[PDB]
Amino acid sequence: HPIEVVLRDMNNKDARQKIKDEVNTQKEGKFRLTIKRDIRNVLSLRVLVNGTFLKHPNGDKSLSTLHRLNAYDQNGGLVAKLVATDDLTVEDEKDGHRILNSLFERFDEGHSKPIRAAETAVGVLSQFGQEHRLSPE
């Protein structure tokens, strides 16, 4: 029944990267966040996403399956990863918004550092009400 598309910001190798050294974790419903403990001098953030999206007849897109969200610091270091344990529906939207909030607040509580995202990620961040945090310039 659904028209699905697979949208990627990353190749398979980058998408399967694991975080180095000690980490913190957070669960919000289906979402599971893993974040580097030592995150001092993370000066900017870049968010990439691979996922399967449900195409809506009018053209809109909704994330049905998060494959992987990666967040990189200015040096290309993987400082955060977000995955999910099951397919996503509209009921997971509050869980998604909340855990992405947690991701960005850890790196930018002062709301000053530049945060950018690739094409797929942008749409996902928009869906979970986080696009306002971006500095695409």
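Heads up: residue numbers just count along the shown sequence, starting at 1.
The mean C-alpha temperature factor is higher for 108 to 116 when 61 to 69 and 108 to 116 are set side by side.
Averaged over Cα atoms, the B-factor as recorded in the entry is higher for 20 to 28 than for the other of 124 to 132 and 20 to 28.
Of the candidates 49, 84, 103, 90, the PDB record gives 90 the highest C-alpha temperature factor. Ranked by C-alpha B-factor against the other modelled residues of its chain, residue 75 falls in the middle third. Sorting the modelled residues of the chain by their CA temperature factor places residue 42 in the highest third.
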